[PDB]
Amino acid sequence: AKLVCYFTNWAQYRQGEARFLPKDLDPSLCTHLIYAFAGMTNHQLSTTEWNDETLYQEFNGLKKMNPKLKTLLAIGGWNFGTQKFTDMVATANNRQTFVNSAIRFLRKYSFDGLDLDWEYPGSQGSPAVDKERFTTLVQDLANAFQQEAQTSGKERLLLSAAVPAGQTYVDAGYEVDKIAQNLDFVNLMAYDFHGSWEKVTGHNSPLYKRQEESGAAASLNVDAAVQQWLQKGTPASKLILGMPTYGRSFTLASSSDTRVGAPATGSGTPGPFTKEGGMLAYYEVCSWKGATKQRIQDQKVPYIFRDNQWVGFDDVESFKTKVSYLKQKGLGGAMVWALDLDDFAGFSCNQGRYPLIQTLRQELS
């Protein structure tokens, strides 16, 4: 089984005990570490933070303590120039520029592969034709990585992609059966299913639907997303189930209505460390005093509320349930966003180091 864990190069700016650098990573925790995020300059892979060259060398240096570990660099994310992927995939020449730059850049810094995090071909400004051009990009990368291994004599570079759970993004952007052949594994982003863009509370990452949900709402859950990716042709062994070490928060319209589906007036108050309305790290929720925690019976995940604040998040028990689920489906392992949002140094939750991600490591064993 794989345990694919994401590092973020902006967690180094979090205050106090929440600051996260490569020295905070446990080299033995995961099987694959993915560095988020690289950028793109004139169709070439490029750094995004002043110290990326130094952090890359500390990150890949962790393979000295765990030689089984593989590392990848993720390109893209949710803050990204709106035309960069589209212009790069638009021509064979620009795809060649990108592929050749990726090989040189990954080898220079000792990464073992590339993770594609385009949000998203065919949606959010990206034209309909990018669905097919994304397939060509994936083919071009796979072909060039195969050839480079033979010329260089190194291990062939790995290729993965982070893919959406939402049905309309999947249909608009991905020739699932074609790309799954050329990708070594597929990181399913099984989270962000509900959020403060909605006028009622809902869980970030529920496993199943609620009885009351039907139509399109009945597909806003992990099981529906996994079934769509499998039914469209992803081999089960290549599908890696994403897990969130964060939750999504709401301000309730009234403190007396706290149910799932209760009216909400906007995002929950920003957390003290992550400072972003609507989201909270696990270490910001796990500790709340004077709160009430409940489980959503049909969806197998918890929420917690206090006064007019309501947060859907994942705990040790829901991570255990989701690993049981992925094993029942024969999936290739679990993926986690993100290392720096778990209680990575045992400073908040009274559950030791990495309580959520260590649960995955043990249950996948």
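So that there is no doubt, residue numbering starts at 1 and follows the sequence shown. We call the rigid core whatever largest set of C-alpha positions still superposes within 1.5 Å between the two forms.
After superposing on the rigid core, the larger RMS C-alpha deviation in 6 other deposited structures of this protein belongs to 81-89, the other candidate being whichever of 254-262 and 81-89 remains.
When the other structures are laid on the shown form by the rigid core, the stretch among 152-160 and 99-107 with the greater C-alpha deviation in 6 other deposited structures of this protein turns out to be 152-160. In this entry, the higher average B-factor at the C-alpha atoms falls on 232-240, of the pair 232-240 and 70-78. Relative to its counterpart among 19-27 and 338-346, 19-27 has the higher mean temperature factor, C-alpha atoms as listed in the PDB entry. Across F134, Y246, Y169, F111, the greatest Cα temperature factor reported in the deposited entry is at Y169. In the PDB entry, the Cα temperature factor peaks, among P272, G195, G268, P164, at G195. The PDB entry assigns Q358 a C-alpha temperature factor belonging to the middle third of its chain's modelled residues.
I34: CA B factor lies in the lowest third for its chain, per the PDB record. Among all modelled residues in this chain, the alpha-carbon of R107 has a temperature factor (C-alpha) in the lowest third. When the modelled residues of the chain are ordered by C-alpha B-factor, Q299 sits in the highest third. Remark: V323 belongs to the middle third of its chain, ranked by C-alpha B-factor as recorded.
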